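Right, one structure below, let's go through it.
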Amino acid sequence: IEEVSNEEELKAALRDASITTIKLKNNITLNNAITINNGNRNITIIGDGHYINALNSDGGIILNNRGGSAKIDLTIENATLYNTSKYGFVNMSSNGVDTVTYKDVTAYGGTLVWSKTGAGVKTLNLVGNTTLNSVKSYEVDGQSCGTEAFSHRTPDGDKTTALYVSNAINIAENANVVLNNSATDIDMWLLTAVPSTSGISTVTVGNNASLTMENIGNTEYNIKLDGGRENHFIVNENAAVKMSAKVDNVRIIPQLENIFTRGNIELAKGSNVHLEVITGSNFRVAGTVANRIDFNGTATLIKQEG
(Lines give C-alpha, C1' and ligand atoms only; values in the text may rest on other atoms or scores of the structure.)
Protein backbone atom coordinates (compact mmCIF):
# COMPACT_ATOMS: atom_id res chain seq x y z
CA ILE A 1 0.00 0.00 0.00
CA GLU A 2 2.81 2.40 -1.12
CA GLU A 3 5.33 2.18 -3.97
CA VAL A 4 8.66 4.08 -4.06
CA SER A 5 11.27 4.52 -6.78
CA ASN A 6 13.84 6.98 -5.42
CA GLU A 7 15.37 8.67 -2.38
CA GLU A 8 12.74 11.39 -2.00
CA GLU A 9 9.82 8.95 -2.30
CA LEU A 10 11.43 6.50 0.14
CA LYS A 11 12.13 9.34 2.56
CA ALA A 12 8.57 10.62 2.28
CA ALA A 13 7.10 7.15 2.88
CA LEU A 14 9.35 6.41 5.86
CA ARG A 15 8.70 9.80 7.45
CA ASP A 16 4.95 9.37 7.06
CA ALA A 17 3.64 8.09 10.40
CA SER A 18 0.62 6.37 8.81
CA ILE A 19 2.70 4.33 6.35
CA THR A 20 3.16 0.64 7.22
CA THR A 21 4.08 -1.04 3.91
CA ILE A 22 6.57 0.11 1.26
CA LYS A 23 7.43 -1.58 -2.05
CA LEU A 24 10.62 -0.83 -3.97
CA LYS A 25 9.92 -0.38 -7.69
CA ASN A 26 13.56 0.37 -8.45
CA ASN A 27 17.04 0.36 -6.93
CA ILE A 28 17.47 3.35 -4.66
CA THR A 29 20.57 5.37 -3.87
CA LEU A 30 20.52 7.46 -0.70
CA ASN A 31 22.76 10.53 -0.59
CA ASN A 32 21.33 11.41 2.81
CA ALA A 33 20.35 9.49 5.94
CA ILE A 34 16.60 9.17 6.52
CA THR A 35 15.43 9.74 10.11
CA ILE A 36 12.38 8.05 11.60
CA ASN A 37 11.40 9.72 14.87
CA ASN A 38 7.64 10.06 14.76
CA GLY A 39 6.51 7.61 17.42
CA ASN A 40 5.15 4.07 17.26
CA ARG A 41 5.85 2.62 13.82
CA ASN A 42 5.30 -0.72 12.16
CA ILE A 43 7.14 -0.64 8.83
CA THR A 44 7.73 -3.27 6.17
CA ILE A 45 9.90 -2.65 3.15
CA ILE A 46 9.20 -5.11 0.36
CA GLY A 47 12.37 -5.15 -1.70
CA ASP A 48 11.27 -7.16 -4.72
CA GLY A 49 14.94 -7.98 -5.38
CA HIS A 50 16.01 -4.32 -5.51
CA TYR A 51 18.85 -2.67 -3.62
CA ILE A 52 19.15 0.38 -1.41
CA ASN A 53 22.57 1.99 -1.30
CA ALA A 54 23.18 4.30 1.67
CA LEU A 55 26.12 6.43 0.58
CA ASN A 56 26.11 8.92 3.43
CA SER A 57 28.52 8.47 6.35
CA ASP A 58 25.68 9.92 8.44
CA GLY A 59 23.77 6.67 7.96
CA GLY A 60 21.06 5.00 5.88
CA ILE A 61 17.96 4.68 8.02
CA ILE A 62 18.16 6.22 11.48
CA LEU A 63 15.61 5.19 14.12
CA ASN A 64 15.56 8.08 16.56
CA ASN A 65 12.42 8.30 18.71
CA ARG A 66 13.04 10.58 21.67
CA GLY A 67 10.30 9.09 23.83
CA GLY A 68 11.03 6.01 25.94
CA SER A 69 7.70 4.33 25.28
CA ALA A 70 7.57 4.61 21.48
CA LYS A 71 8.40 1.38 19.63
CA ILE A 72 9.69 1.01 16.06
CA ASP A 73 9.41 -2.30 14.27
CA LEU A 74 11.22 -2.15 10.89
CA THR A 75 11.17 -5.12 8.50
CA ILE A 76 13.13 -5.30 5.23
CA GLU A 77 12.46 -8.27 2.91
CA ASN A 78 14.07 -9.53 -0.28
CA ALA A 79 16.55 -6.74 -0.78
CA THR A 80 20.23 -5.97 -1.04
CA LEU A 81 21.45 -3.35 1.39
CA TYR A 82 24.67 -1.33 1.07
CA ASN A 83 26.12 1.19 3.49
CA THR A 84 29.34 3.10 4.08
CA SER A 85 28.36 4.50 7.46
CA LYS A 86 30.09 3.21 10.55
CA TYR A 87 26.59 3.47 12.08
CA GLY A 88 25.12 0.80 9.81
CA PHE A 89 22.42 0.66 7.17
CA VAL A 90 20.08 0.87 10.11
CA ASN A 91 21.08 2.93 13.11
CA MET A 92 18.89 1.90 16.05
CA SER A 93 19.13 5.13 18.00
CA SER A 94 15.71 5.45 19.66
CA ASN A 95 15.57 6.01 23.38
CA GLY A 96 12.95 3.24 23.52
CA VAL A 97 12.46 -0.08 21.73
CA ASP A 98 13.79 -0.64 18.18
CA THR A 99 13.38 -3.98 16.44
CA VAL A 100 14.88 -4.63 12.99
CA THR A 101 14.09 -7.71 10.92
CA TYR A 102 16.02 -8.74 7.82
CA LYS A 103 14.27 -11.42 5.80
CA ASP A 104 15.94 -12.85 2.67
CA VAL A 105 18.34 -9.94 2.76
CA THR A 106 21.84 -9.65 1.32
CA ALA A 107 23.92 -6.88 2.91
CA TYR A 108 27.25 -5.18 2.38
CA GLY A 109 28.89 -2.71 4.75
CA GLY A 110 31.69 -2.23 7.25
CA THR A 111 29.39 -2.04 10.23
CA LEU A 112 26.01 -3.19 8.88
CA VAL A 113 23.72 -2.46 11.84
CA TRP A 114 24.42 -0.24 14.84
CA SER A 115 22.48 0.64 18.01
CA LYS A 116 22.45 2.73 21.16
CA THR A 117 23.61 0.51 24.01
CA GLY A 118 22.34 2.61 26.93
CA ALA A 119 18.63 2.78 26.15
CA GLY A 120 15.67 0.60 25.20
CA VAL A 121 15.73 -2.99 23.93
CA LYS A 122 17.51 -3.33 20.58
CA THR A 123 16.74 -6.44 18.55
CA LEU A 124 17.89 -7.68 15.14
CA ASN A 125 16.00 -10.63 13.70
CA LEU A 126 17.59 -12.52 10.81
CA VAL A 127 15.07 -14.54 8.82
CA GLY A 128 15.06 -16.89 5.81
CA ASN A 129 18.14 -16.99 3.61
CA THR A 130 20.09 -13.98 4.79
CA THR A 131 23.70 -13.17 4.02
CA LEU A 132 25.58 -10.36 5.69
CA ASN A 133 28.93 -9.15 4.34
CA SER A 134 31.36 -7.01 6.33
CA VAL A 135 33.64 -5.58 3.63
CA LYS A 136 36.18 -2.76 3.26
CA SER A 137 34.51 -1.64 0.08
CA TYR A 138 31.81 -2.62 -2.38
CA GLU A 139 30.84 -1.87 -5.95
CA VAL A 140 27.35 -1.39 -7.31
CA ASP A 141 26.42 -0.26 -10.85
CA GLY A 142 30.04 0.66 -11.53
CA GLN A 143 30.59 2.77 -8.44
CA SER A 144 33.08 1.67 -5.79
CA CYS A 145 32.50 2.80 -2.19
CA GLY A 146 34.84 2.55 0.79
CA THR A 147 33.19 1.58 4.09
CA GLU A 148 33.83 2.73 7.63
CA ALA A 149 33.54 0.48 10.65
CA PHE A 150 32.40 1.30 14.15
CA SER A 151 35.21 0.93 16.68
CA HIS A 152 34.98 0.68 20.47
CA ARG A 153 37.41 0.20 23.35
CA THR A 154 38.02 -3.15 25.07
CA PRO A 155 40.58 -4.28 27.66
CA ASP A 156 42.53 -5.72 24.69
CA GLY A 157 42.51 -2.55 22.61
CA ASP A 158 39.97 -1.03 20.22
CA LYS A 159 37.92 -3.47 18.17
CA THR A 160 35.65 -2.99 15.16
CA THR A 161 32.52 -5.01 14.52
CA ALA A 162 30.12 -5.97 11.72
CA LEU A 163 27.04 -5.85 13.97
CA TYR A 164 26.69 -3.68 17.08
CA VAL A 165 23.26 -4.63 18.36
CA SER A 166 22.76 -4.02 22.03
CA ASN A 167 20.37 -6.73 23.22
CA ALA A 168 19.41 -9.47 20.81
CA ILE A 169 20.30 -11.06 17.51
CA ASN A 170 17.87 -13.86 16.69
CA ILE A 171 18.37 -16.29 13.82
CA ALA A 172 14.82 -17.36 13.10
CA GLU A 173 13.70 -20.97 13.00
CA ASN A 174 14.43 -22.52 9.58
CA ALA A 175 16.67 -19.62 8.62
CA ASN A 176 19.97 -19.98 6.77
CA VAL A 177 22.14 -17.10 7.88
CA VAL A 178 25.67 -16.53 6.67
CA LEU A 179 28.03 -13.79 7.81
CA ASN A 180 31.17 -13.17 5.77
CA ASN A 181 33.72 -10.89 7.39
CA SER A 182 36.75 -9.46 5.63
CA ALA A 183 36.62 -6.03 7.27
CA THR A 184 36.06 -6.03 11.02
CA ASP A 185 37.42 -7.65 14.19
CA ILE A 186 34.11 -8.94 15.50
CA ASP A 187 31.13 -10.53 13.67
CA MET A 188 28.49 -9.82 16.36
CA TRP A 189 29.06 -7.43 19.25
CA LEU A 190 26.20 -7.16 21.73
CA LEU A 191 26.92 -4.69 24.51
CA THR A 192 24.82 -2.93 27.14
CA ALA A 193 25.95 0.13 29.06
CA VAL A 194 24.87 1.37 32.48
CA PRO A 195 21.75 3.21 31.48
CA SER A 196 20.37 0.24 29.43
CA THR A 197 16.79 -0.65 30.27
CA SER A 198 17.59 -4.39 30.30
CA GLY A 199 21.31 -5.14 30.52
CA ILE A 200 20.69 -8.36 28.57
CA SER A 201 22.68 -9.45 25.50
CA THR A 202 21.48 -12.54 23.62
CA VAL A 203 22.14 -14.44 20.40
CA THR A 204 19.68 -17.20 19.55
CA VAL A 205 19.69 -19.72 16.72
CA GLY A 206 16.17 -21.08 16.18
CA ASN A 207 14.89 -24.62 15.57
CA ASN A 208 16.25 -26.16 12.37
CA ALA A 209 18.12 -22.96 11.54
CA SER A 210 21.69 -22.60 10.37
CA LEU A 211 24.24 -19.96 11.31
CA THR A 212 27.54 -19.89 9.47
CA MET A 213 30.34 -17.46 10.37
CA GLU A 214 33.51 -19.03 9.02
CA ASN A 215 35.82 -16.05 9.35
CA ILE A 216 39.04 -17.52 10.69
CA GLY A 217 40.96 -15.61 8.00
CA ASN A 218 39.80 -12.28 9.41
CA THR A 219 37.69 -12.16 12.56
CA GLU A 220 39.10 -12.14 16.10
CA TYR A 221 35.82 -12.98 17.90
CA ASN A 222 32.67 -14.29 16.21
CA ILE A 223 30.38 -13.26 19.07
CA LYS A 224 31.22 -10.83 21.83
CA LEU A 225 28.65 -10.60 24.61
CA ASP A 226 28.90 -7.61 27.00
CA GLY A 227 25.50 -7.57 28.76
CA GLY A 228 25.52 -5.89 32.17
CA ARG A 229 23.32 -8.56 33.81
CA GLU A 230 22.91 -11.46 31.32
CA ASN A 231 24.73 -12.88 28.30
CA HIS A 232 23.20 -15.72 26.28
CA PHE A 233 24.09 -17.91 23.32
CA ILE A 234 21.22 -20.29 22.67
CA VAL A 235 21.28 -22.93 19.95
CA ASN A 236 17.89 -24.65 19.66
CA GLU A 237 16.90 -28.18 18.59
CA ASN A 238 18.33 -29.42 15.30
CA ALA A 239 20.07 -26.13 14.59
CA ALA A 240 23.38 -26.21 12.68
CA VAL A 241 26.11 -23.79 13.72
CA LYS A 242 29.52 -23.41 12.09
CA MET A 243 31.90 -20.69 13.23
CA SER A 244 35.59 -19.92 13.08
CA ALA A 245 37.68 -16.94 14.24
CA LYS A 246 41.32 -16.21 15.09
CA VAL A 247 40.89 -15.84 18.85
CA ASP A 248 37.52 -16.85 20.37
CA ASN A 249 34.17 -17.97 18.93
CA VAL A 250 32.15 -16.59 21.87
CA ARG A 251 33.66 -14.12 24.28
CA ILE A 252 32.15 -13.15 27.63
CA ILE A 253 34.60 -10.90 29.44
CA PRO A 254 33.40 -7.77 31.29
CA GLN A 255 34.49 -4.44 29.76
CA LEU A 256 35.24 -3.00 33.24
CA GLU A 257 36.09 -4.15 36.80
CA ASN A 258 32.76 -3.08 38.35
CA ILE A 259 30.63 -5.42 36.22
CA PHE A 260 29.10 -8.49 37.86
CA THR A 261 27.22 -10.39 35.19
CA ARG A 262 25.95 -13.80 34.04
CA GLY A 263 26.61 -16.03 31.03
CA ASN A 264 24.55 -18.93 29.74
CA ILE A 265 25.30 -21.01 26.67
CA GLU A 266 22.79 -23.72 25.78
CA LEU A 267 23.25 -26.21 22.95
CA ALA A 268 20.03 -28.16 22.52
CA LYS A 269 19.51 -31.84 21.70
CA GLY A 270 19.77 -32.49 17.96
CA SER A 271 21.91 -29.39 17.38
CA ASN A 272 25.24 -29.67 15.58
CA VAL A 273 27.82 -27.07 16.54
CA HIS A 274 31.28 -26.86 14.97
CA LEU A 275 33.68 -24.24 16.29
CA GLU A 276 37.28 -23.46 15.45
CA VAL A 277 39.83 -20.92 16.71
CA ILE A 278 43.60 -20.39 16.46
CA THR A 279 44.98 -18.69 19.58
CA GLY A 280 42.15 -18.38 22.12
CA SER A 281 39.24 -20.49 23.37
CA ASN A 282 36.07 -21.49 21.54
CA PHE A 283 33.97 -20.32 24.50
CA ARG A 284 36.05 -17.71 26.32
CA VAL A 285 34.65 -16.64 29.67
CA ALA A 286 36.70 -14.76 32.26
CA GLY A 287 36.33 -12.23 35.07
CA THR A 288 33.29 -11.84 37.33
CA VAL A 289 30.81 -13.75 35.18
CA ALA A 290 28.67 -16.54 36.66
CA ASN A 291 28.67 -18.84 33.68
CA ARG A 292 27.02 -22.08 32.67
CA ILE A 293 27.39 -24.01 29.43
CA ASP A 294 24.97 -26.86 28.68
CA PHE A 295 25.97 -29.35 25.98
CA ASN A 296 22.93 -31.44 25.08
CA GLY A 297 23.67 -31.95 21.41
CA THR A 298 26.70 -32.69 19.24
CA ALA A 299 29.59 -30.26 19.38
CA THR A 300 33.12 -30.16 18.08
CA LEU A 301 35.46 -27.48 19.44
CA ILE A 302 38.82 -27.05 17.72
CA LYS A 303 41.92 -25.00 18.44
CA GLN A 304 44.65 -24.90 15.78
CA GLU A 305 48.26 -25.22 16.99
CA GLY A 306 48.81 -21.51 16.27
Side-chain angles (χ1 to χ4, degrees), residues 81 83-84 86-89 102 105-115 124 126 130-138 146-166 168-171 175-191 201-205 209-227 231-233 235 239-253 255 263 265 273-286 299-306:
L81 310 174
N83 71 280
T84 60
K86 72 177 79 169
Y87 297 112
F89 185 80
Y102 283 178
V105 159
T106 302
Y108 300 85
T111 298
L112 294 56
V113 180
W114 184 95
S115 70
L124 173 66
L126 301 177
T130 291
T131 303
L132 309 177
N133 301 278
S134 180
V135 296
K136 289 189 166 78
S137 67
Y138 55 83
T147 64
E148 299 172 84
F150 176 72
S151 179
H152 186 73
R153 198 199 168 275
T154 78
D156 294 338
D158 290 349
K159 305 293 175 181
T160 55
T161 184
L163 295 171
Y164 192 70
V165 176
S166 188
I169 298 174
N170 302 308
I171 287 64
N176 296 112
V177 175
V178 175
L179 189 158
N180 301 308
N181 195 343
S182 56
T184 53
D185 301 320
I186 304 173
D187 297 339
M188 295 176 175
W189 193 354
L190 300 85
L191 180 146
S201 294
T202 298
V203 176
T204 67
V205 182
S210 91
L211 171 61
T212 304
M213 314 201 291
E214 289 178 309
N215 294 313
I216 196 155
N218 171 92
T219 295
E220 297 187 284
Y221 328 129
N222 296 118
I223 302 175
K224 190 182 186 132
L225 298 172
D226 280 317
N231 294 276
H232 298 270
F233 180 45
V235 176
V241 170
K242 296 175 153 78
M243 310 189 300
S244 64
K246 299 176 181 173
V247 189
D248 310 313
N249 304 118
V250 182
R251 176 141 169 149
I252 313 177
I253 294 178
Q255 285 280 91
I265 301 177
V273 175
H274 185 286
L275 306 177
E276 183 165 345
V277 298
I278 305 182
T279 60
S281 310
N282 305 97
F283 295 140
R284 176 64 180 145
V285 183
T300 299
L301 274 58
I302 295 163
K303 182 203 170 302
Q304 302 186 1
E305 188 183 74

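By convention here, the first residue in the shown sequence is residue 1.
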Looking at [atom1] of [X] and [atom2] of [Y], how far apart are the two atoms once the value is rounded to the nearest 0.5 Å?
X      : Y      : atom1 : atom2 : result
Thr202 : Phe233 : OG1   : CZ    : 11.5 Å
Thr130 : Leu179 : OG1   : CG    : 11.0 Å
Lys246 : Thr219 : NZ    : OG1   : 8.0 Å
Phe150 : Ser115 : CZ    : OG    : 9.0 Å
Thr161 : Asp187 : OG1   : CG    : 7.5 Å
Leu225 : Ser201 : CG    : OG    : 6.5 Å

Self-check item: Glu220: which of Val277, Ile278, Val247 passes side chain to side chain contact (heavy atoms under 4.5 Å, CB included)
Solution: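 Among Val277, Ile278, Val247, the one that satisfies the side chain to side chain contact (heavy atoms under 4.5 Å, CB included) with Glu220 is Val247.
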Heavy-atom closest pair, residues [X] and [Y]:
X      : Y      : answer
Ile186 : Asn222 : CG2-O, 4.3 Å
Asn83  : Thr147 : O-CG2, 3.7 Å
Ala175 : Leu126 : CB-O, 3.9 Å
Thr184 : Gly110 : CG2-O, 3.6 Å
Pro155 : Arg153 : N-NH1, 3.8 Å
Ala162 : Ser134 : CB-CB, 3.6 Å

Main-chain N/O of [Y] paired with [X] side-chain donor or acceptor, under 3.5 Å:
X      : Y      : value
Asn215 : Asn181 : yes
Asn170 : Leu124 : no
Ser244 : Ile216 : yes
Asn133 : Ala107 : yes

Practice problem: Please assess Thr300 against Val273 for the test side-chain contact (heavy atoms from CB on, under 4.5 Å), listing each intermediate value before the final yes or no. | Solution: CA-CA 6 Å; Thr300 299; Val273 175; over 6 Å; no
Are side-chain heavy atoms of [X] and [Y] found at a separation under 4.5 Å?
X      : Y      : result
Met213 : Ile223 : yes
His274 : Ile302 : yes
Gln255 : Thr154 : yes
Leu132 : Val178 : no
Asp156 : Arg251 : yes
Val177 : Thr131 : no

Practice problem: Considering only NZ, NE, NH1 and NH2 on the basic side and carboxylate oxygens on the acidic side, decide whether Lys242 and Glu214 come within less than 4.0 Å. | Solution: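 Salt bridge: no.
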Practice problem: Using a strict cut-off of less than 4.0 Å between a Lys/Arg side-chain nitrogen and an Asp/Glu carboxylate oxygen, indicate whether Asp185 and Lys224 qualify as a salt bridge. | Solution: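 A salt bridge is absent here (no side-chain N lies under 4.0 Å from a carboxylate O).
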Self-check item: Verdict with supporting geometry, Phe89 and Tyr102, side-chain contact (heavy atoms from CB on, under 4.5 Å)
Solution: CA-CA 11 Å; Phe89 185 80; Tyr102 283 178; 3.9 Å; yes
Quiz prompt | CA sep, side-chain torsions, deciding dist, call: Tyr221, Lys159, side-chain contact (heavy atoms from CB on, under 4.5 Å) | solution = CA-CA 10 Å; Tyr221 328 129; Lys159 305 293 175 181; 3.7 Å; yes
Quiz prompt | Check against side-chain contact (heavy atoms from CB on, under 4.5 Å), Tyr87 and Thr111 | solution = CA-CA 6 Å; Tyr87 297 112; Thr111 298; over 6 Å; no
Quiz item: Between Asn176 and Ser210, does any side-chain donor sit less than 3.5 Å from a side-chain acceptor?
Solution: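 Yes, a side-chain donor-acceptor pair sits under 3.5 Å.
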Quiz item: Parallel, tilted or perpendicular for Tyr164 and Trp114, by the 30°/60° rule?
Solution: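 Geometry flag for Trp114 against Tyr164: parallel rings.
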